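Down below is the structure, laid out as C-alpha cells.
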Amino acid sequence: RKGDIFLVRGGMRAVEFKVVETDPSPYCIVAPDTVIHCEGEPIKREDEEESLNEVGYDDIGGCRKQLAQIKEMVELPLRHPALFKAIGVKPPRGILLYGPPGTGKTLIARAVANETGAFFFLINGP
Amino acid sequence: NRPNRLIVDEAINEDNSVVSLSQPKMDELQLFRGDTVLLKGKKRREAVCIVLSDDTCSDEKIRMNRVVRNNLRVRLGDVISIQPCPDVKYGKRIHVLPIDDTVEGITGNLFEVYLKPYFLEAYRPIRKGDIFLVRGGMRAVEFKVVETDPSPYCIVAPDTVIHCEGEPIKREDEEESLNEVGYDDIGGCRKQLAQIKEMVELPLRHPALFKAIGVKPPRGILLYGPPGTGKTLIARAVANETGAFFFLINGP
Ligand SMILES: Nc1ncnc2c1ncn2[C@@H]1O[C@H](COP(=O)(O)OP(=O)(O)O)[C@@H](O)[C@H]1O
Ligand SMILES: Nc1ncnc2c1ncn2[C@@H]1O[C@H](COP(=O)(O)OP(=O)(O)O)[C@@H](O)[C@H]1O
C-alpha cells in the first residue's frame with residue numbers, strides 16, 4: 001500500500017523500504033508481472049514514525065514467561081494511564097530485574113519502554 | 001454527680017451513622033434500639049444517629065464510628081452530651097454537594113453510583129452541614145449536606161426526591177478529611193495499639209494536667225518490627241486521633 005515501510009533482511013543487515021509511488025491506488029497486490037522503478041536514493045523518513053531496528057518483544061527471547069510477567073506488571077500503568085487517575089489503587093512503580101550479566105535485562109527494559117510507548121531513561125550505574 | 005454519661009470510643013462493627021450503647025443500662029438513657037438519638041459535641045454542634053446495644057461495650061463509654069465522631073468534632077476518650085429524641089422528621093428533596101478535593105472519580109451521571117445504593121432503605125437521619133462518607137468504585141467520597149427542606153435535621157425516607165448539583169465545593173479547612181489515617185485503618189496489631197494509646201493519651205490528650213502535677217510522661221517510644229508492619233500508620237493515627245502536630249523525620 002502507498003506510504004508503508006517494509007523491512008528486508010539480507011547481507012547481515014536489515015533495510016526498511018518505503019513505498020512512496022504506485023501506479024494503482026491506494027494499494028495493489030504485487031505480482032510477477034509489474035516492473036520495478038529504480039531510484040537508489042535514500043530519503044529521510046518522517047520522524048514521528050518508529051524505526052523497526054529498535055528493540056522489541058521479538059528481539060527479547062530465551063526468557064519467555066518472565067517477559068509475560070513484566071508485560072502484565074507494566075501494562076496498566078503505562079498502556080492505560082488515565083485509568084489510575086479515576087481509580088484509587090497503586091500500580092507497580094519499582095521493578096528489580098536481577099540475574100547473571102548478559103541475560104537481557106536492558107533488552108527487557110528497552111522493549112517494555114518502546115512497546116508501551118513510555119519515555120525510556122537510562123541511569124547508568126557508573 | 002449527674003454526669004454527661006456519653007463518651008467517645010472506637011467502633012467495632014462496620015457501619016456509619018450508628019452508635020452503640022452498653023446493654024446493662026437501658027433506663028438511664030431511656031432508649032432501646034432503633035431510635036433517633038441526638039448528640040451534642042463541641043463548638044455548638046450536634047448530630048443525629050441510631051442507637052443499638054452491644055454486650056462488649058463498656059457502660060462508661062459509648063462506641064461510635066469515626067464519621068460521626070468527626071461530625072461532632074470529638075475525639076477518642078472525650079465526653080459529650082446525649083439526648084434521647086424519639087421524635088424524628090422526614091425530609092423533602094434533601095440536598096447534597098461534593099466536598100473537599102475528592103474529584104475526578106465520577107464521570108457523566110454521578111448520583112446513581114454512590115448515593116442511591118446507600119440511602120435506599122437505610123433511614124439514616126441527615127442533619128444540615130454534616131459530611132458523610134460513601135464507599136464505592138474502589139474509592140471513598142465524602143458528601144456535604146448543605147441544603148434541606150426541613151430544619152435542622154430530617155430522617156431520610158424513600159419518599160423524598162434528591163436535588164442534583166454535581167459541582168464539588170471546597171470544604172472548610174479546619175474540618176478534618178476522613179480519608180486521613182485512623183484507628184480503623186490500623187489493624188492486625190490489636191493490643192500494641194492499645195498500649196501506645198494508653199502511653200500517649202495523657203501527654204497529648206490531657207496536656208495541662210502535667211503542668212500542675214510533677215511527673216514525667218513518656219517522651220520517647222521506639223516502634224520496632226519488620227518493615228511494612230504499619231509503624232508509620234501507628235504514628236500517624238496516634239498523631240491525628242490525639243490532635244498532636246505530626247512531624248516526619250525521614251531517615252534518608
Ligand atoms: N535473552 C536474550 N534474547 C535475545 N538477545 C539477548 C538476550 N540476552 C542477551 N542478549 C544480547 O546480549 C546483549 C547484552 O545483554 P544486555 O541485556 O544489554 O546486558 P545486561 O543483562 O547486563 O542488562 C544484548 O544487547 C542482546 O543483544
Ligand atoms: N497492620 C496494618 N494494618 C493496616 N494496613 C497496614 C498494616 N501494616 C502495613 N499496612 C499498609 O502497608 C503500608 C506500608 O506500611 P508502613 O507502616 O507505612 O511502613 P513501615 O512499617 O516501615 O513504617 C502502609 O501505608 C499501610 O497501608
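The way I read the labels, and the way they are meant: chains A, B, ... in the order of the C-alpha cells, residue 1 as the first residue of every chain, and ligand 1 as the first ligand shown, with later ones counted on from there.
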
Checklist entry - Within 6 Å of ligand 2, counting only C-alpha atoms and all ligand atoms: which residues, as a VMD selection string? => result chain B and resid 185 to 189 227 to 233

Where does chain A meet ligand 1 within 9 Å, residue by residue, with the nearest atom pair and distance in Å to one decimal for each, counting only C-alpha atoms and all ligand atoms, listed by chain and rising number, as a Markdown table?
```
| residue | atom | partner | partner_atom_place_in_ligand_line | distance |
| --- | --- | --- | --- | --- |
| A:58 | CA | ligand 1 | 4 (C) | 8.2 |
| A:59 | CA | ligand 1 | 4 (C) | 5.3 |
| A:60 | CA | ligand 1 | 3 (N) | 4.1 |
| A:61 | CA | ligand 1 | 3 (N) | 4.0 |
| A:62 | CA | ligand 1 | 1 (N) | 4.5 |
| A:63 | CA | ligand 1 | 1 (N) | 5.6 |
| A:64 | CA | ligand 1 | 1 (N) | 8.6 |
| A:97 | CA | ligand 1 | 23 (O) | 8.8 |
| A:98 | CA | ligand 1 | 21 (O) | 8.5 |
| A:99 | CA | ligand 1 | 21 (O) | 7.4 |
| A:100 | CA | ligand 1 | 21 (O) | 6.9 |
| A:101 | CA | ligand 1 | 22 (O) | 4.2 |
| A:102 | CA | ligand 1 | 21 (O) | 3.5 |
| A:103 | CA | ligand 1 | 8 (N) | 4.0 |
| A:104 | CA | ligand 1 | 17 (O) | 2.8 |
| A:105 | CA | ligand 1 | 23 (O) | 4.0 |
| A:106 | CA | ligand 1 | 23 (O) | 3.9 |
| A:107 | CA | ligand 1 | 17 (O) | 4.7 |
| A:108 | CA | ligand 1 | 17 (O) | 7.2 |
| A:109 | CA | ligand 1 | 23 (O) | 8.6 |
```

Return as a PDB file with N, CA and C atoms, in the first residue's frame the residues belonging to chain A that are within 7 Å of chain B, counting only C-alpha atoms.
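Full text of selection.pdb as output:
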```
ATOM      1  N   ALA A  86      -8.672   7.891  37.763  1.00  0.00           N
ATOM      2  CA  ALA A  86     -10.073   7.779  38.145  1.00  0.00           C
ATOM      3  C   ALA A  86     -10.336   6.630  39.109  1.00  0.00           C
ATOM      4  N   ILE A  87      -9.325   5.825  39.422  1.00  0.00           N
ATOM      5  CA  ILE A  87      -9.451   4.719  40.363  1.00  0.00           C
ATOM      6  C   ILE A  87      -8.324   4.835  41.378  1.00  0.00           C
ATOM      7  N   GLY A  88      -8.644   4.608  42.649  1.00  0.00           N
ATOM      8  CA  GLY A  88      -7.617   4.697  43.665  1.00  0.00           C
ATOM      9  C   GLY A  88      -6.946   3.381  43.994  1.00  0.00           C
TER      10      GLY A  88
END
```

Item to check | DSSP-assigned helix (DSSP H, G or I) among range 20-106 of chain A, expressed as a PyMOL selection string | outcome: chain A and resi 65-79+81-86+105-106

Item to check | For range 55-70 of chain B: contacts at 6 Å, only C-alpha atoms, fewer than 3 positions along chain excluded, given as a PyMOL selection string | outcome: chain B and resi 6-11+19-23+73-74

With N, CA, C and O atoms kept, could you save the residues just selected as a PDB file, in the first residue's frame?
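To be explicit, this is the file written out as again25.pdb:
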```
ATOM      1  N   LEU B   6     -22.071  10.186  78.303  1.00  0.00           N
ATOM      2  CA  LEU B   6     -21.698   9.871  76.933  1.00  0.00           C
ATOM      3  C   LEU B   6     -20.198  10.075  76.766  1.00  0.00           C
ATOM      4  O   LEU B   6     -19.678  11.157  77.060  1.00  0.00           O
ATOM      5  N   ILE B   7     -19.526   9.061  76.222  1.00  0.00           N
ATOM      6  CA  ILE B   7     -18.093   9.096  75.974  1.00  0.00           C
ATOM      7  C   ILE B   7     -17.823   8.628  74.551  1.00  0.00           C
ATOM      8  O   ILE B   7     -18.650   7.968  73.918  1.00  0.00           O
ATOM      9  N   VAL B   8     -16.644   8.984  74.052  1.00  0.00           N
ATOM     10  CA  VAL B   8     -16.223   8.649  72.697  1.00  0.00           C
ATOM     11  C   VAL B   8     -15.342   7.411  72.754  1.00  0.00           C
ATOM     12  O   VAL B   8     -14.462   7.297  73.618  1.00  0.00           O
ATOM     13  N   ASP B   9     -15.580   6.478  71.837  1.00  0.00           N
ATOM     14  CA  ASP B   9     -14.821   5.239  71.791  1.00  0.00           C
ATOM     15  C   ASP B   9     -14.819   4.713  70.364  1.00  0.00           C
ATOM     16  O   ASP B   9     -15.624   5.129  69.527  1.00  0.00           O
ATOM     17  N   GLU B  10     -13.900   3.791  70.096  1.00  0.00           N
ATOM     18  CA  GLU B  10     -13.795   3.212  68.766  1.00  0.00           C
ATOM     19  C   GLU B  10     -14.962   2.272  68.490  1.00  0.00           C
ATOM     20  O   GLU B  10     -15.521   1.648  69.396  1.00  0.00           O
ATOM     21  N   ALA B  11     -15.325   2.176  67.213  1.00  0.00           N
ATOM     22  CA  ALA B  11     -16.439   1.357  66.754  1.00  0.00           C
ATOM     23  C   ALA B  11     -15.935   0.017  66.240  1.00  0.00           C
ATOM     24  O   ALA B  11     -14.999  -0.033  65.434  1.00  0.00           O
ATOM     25  N   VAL B  19     -24.594   4.278  66.501  1.00  0.00           N
ATOM     26  CA  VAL B  19     -23.924   4.412  67.788  1.00  0.00           C
ATOM     27  C   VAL B  19     -24.387   3.285  68.701  1.00  0.00           C
ATOM     28  O   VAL B  19     -25.589   3.003  68.794  1.00  0.00           O
ATOM     29  N   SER B  20     -23.434   2.632  69.358  1.00  0.00           N
ATOM     30  CA  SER B  20     -23.718   1.518  70.251  1.00  0.00           C
ATOM     31  C   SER B  20     -23.688   1.981  71.702  1.00  0.00           C
ATOM     32  O   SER B  20     -22.893   2.850  72.071  1.00  0.00           O
ATOM     33  N   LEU B  21     -24.562   1.397  72.521  1.00  0.00           N
ATOM     34  CA  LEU B  21     -24.621   1.685  73.944  1.00  0.00           C
ATOM     35  C   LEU B  21     -24.563   0.394  74.748  1.00  0.00           C
ATOM     36  O   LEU B  21     -24.901  -0.691  74.255  1.00  0.00           O
ATOM     37  N   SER B  22     -24.061   0.524  75.975  1.00  0.00           N
ATOM     38  CA  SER B  22     -23.893  -0.624  76.852  1.00  0.00           C
ATOM     39  C   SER B  22     -25.244  -1.264  77.149  1.00  0.00           C
ATOM     40  O   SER B  22     -26.219  -0.576  77.465  1.00  0.00           O
ATOM     41  N   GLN B  23     -25.294  -2.589  77.043  1.00  0.00           N
ATOM     42  CA  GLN B  23     -26.521  -3.319  77.340  1.00  0.00           C
ATOM     43  C   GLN B  23     -26.970  -3.242  78.799  1.00  0.00           C
ATOM     44  O   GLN B  23     -28.190  -3.265  79.034  1.00  0.00           O
ATOM     45  N   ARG B  73     -16.858  16.533  65.960  1.00  0.00           N
ATOM     46  CA  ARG B  73     -15.545  17.109  66.235  1.00  0.00           C
ATOM     47  C   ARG B  73     -14.950  16.623  67.550  1.00  0.00           C
ATOM     48  O   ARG B  73     -13.976  17.209  68.037  1.00  0.00           O
ATOM     49  N   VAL B  74     -15.511  15.573  68.141  1.00  0.00           N
ATOM     50  CA  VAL B  74     -14.964  14.978  69.350  1.00  0.00           C
ATOM     51  C   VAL B  74     -13.900  13.959  68.965  1.00  0.00           C
ATOM     52  O   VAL B  74     -13.783  13.551  67.808  1.00  0.00           O
TER      53      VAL B  74
END
```

Next on the checklist: Give me, as a PyMOL selection string, all polymer residues having an atom no more than 6 Å from residue 49 in chain B, counting only C-alpha atoms and skipping those fewer than 6 positions away in the same chain.
Outcome noted: chain B and resi 17-18+36-37

Restrict the selected residues to N, CA and C atoms and save them as a PDB file, in the first residue's frame.
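New file selection-v1.pdb:
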```pdb
ATOM      1  N   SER B  17     -23.220   6.232  60.825  1.00  0.00           N
ATOM      2  CA  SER B  17     -24.407   6.821  61.445  1.00  0.00           C
ATOM      3  C   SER B  17     -25.080   5.861  62.425  1.00  0.00           C
ATOM      4  N   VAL B  18     -24.293   5.023  63.097  1.00  0.00           N
ATOM      5  CA  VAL B  18     -24.801   4.080  64.088  1.00  0.00           C
ATOM      6  C   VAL B  18     -23.943   4.184  65.342  1.00  0.00           C
ATOM      7  N   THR B  36     -33.931   7.403  66.726  1.00  0.00           N
ATOM      8  CA  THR B  36     -33.087   8.571  66.515  1.00  0.00           C
ATOM      9  C   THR B  36     -32.626   9.123  67.859  1.00  0.00           C
ATOM     10  N   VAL B  37     -31.347   9.473  67.938  1.00  0.00           N
ATOM     11  CA  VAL B  37     -30.721   9.951  69.165  1.00  0.00           C
ATOM     12  C   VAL B  37     -29.862  11.152  68.808  1.00  0.00           C
TER      13      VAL B  37
END
```

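Within chain A, DSSP run on the backbone puts these residues in strand (DSSP E): residues 5, 6, 7, 8, 9, 10, 13, 14, 15, 16, 17 and 18 of chain A.
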
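CA of residue 19 in chain A sits 5.1 Å away from CA of residue 3 in chain A.
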
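Here CA of residue 130 in chain B is placed at a distance of 5.7 Å from CA of residue 144 in chain B.
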
Item to check | Who sits within 8 Å of residue 17 in chain A, only C-alpha atoms, same chain under 4 positions skipped, as a PyMOL selection string | outcome: chain A and resi 5-8

Item to check | Residue contacts of range 33-35 of chain B (12 Å, only C-alpha atoms) excluding same-chain residues fewer than 2 positions away, as a PyMOL selection string | outcome: chain B and resi 17-23+26+29-31+37-38+48-54+83-88+122-125+155

Next on the checklist: Give me, as JSON, numbers by chain, all polymer residues having an atom no more than 12 Å from residue 219 in chain B, counting only C-alpha atoms and skipping those fewer than 6 positions away in the same chain.
Outcome noted: {"B": [196, 199, 200, 201, 202, 203, 204]}

Residues from the last selection, N, CA, C and O atoms, saved as a tab-separated table (two decimals), in the first residue's frame:
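File produced: again_2.tsv:
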```tsv
chain	number	residue	atom	x	y	z
B	196	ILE	N	0.10	1.76	73.01
B	196	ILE	CA	0.55	3.07	72.56
B	196	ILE	C	-0.48	4.15	72.89
B	196	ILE	O	-0.13	5.27	73.27
B	199	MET	N	-0.17	4.90	76.45
B	199	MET	CA	1.11	5.56	76.64
B	199	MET	C	1.00	7.05	76.31
B	199	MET	O	1.56	7.90	77.01
B	200	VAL	N	0.27	7.38	75.24
B	200	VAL	CA	0.29	8.72	74.66
B	200	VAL	C	-0.92	9.57	75.06
B	200	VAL	O	-0.91	10.78	74.80
B	201	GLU	N	-1.94	8.98	75.69
B	201	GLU	CA	-3.16	9.72	76.00
B	201	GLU	C	-2.89	10.95	76.85
B	201	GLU	O	-3.11	12.09	76.41
B	202	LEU	N	-2.40	10.76	78.07
B	202	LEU	CA	-2.24	11.89	78.98
B	202	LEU	C	-1.30	12.95	78.44
B	202	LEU	O	-1.66	14.14	78.47
B	203	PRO	N	-0.10	12.62	77.94
B	203	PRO	CA	0.79	13.67	77.44
B	203	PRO	C	0.14	14.53	76.37
B	203	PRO	O	0.36	15.75	76.34
B	204	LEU	N	-0.65	13.94	75.48
B	204	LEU	CA	-1.27	14.65	74.37
B	204	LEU	C	-2.74	14.96	74.58
B	204	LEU	O	-3.18	16.08	74.30
```
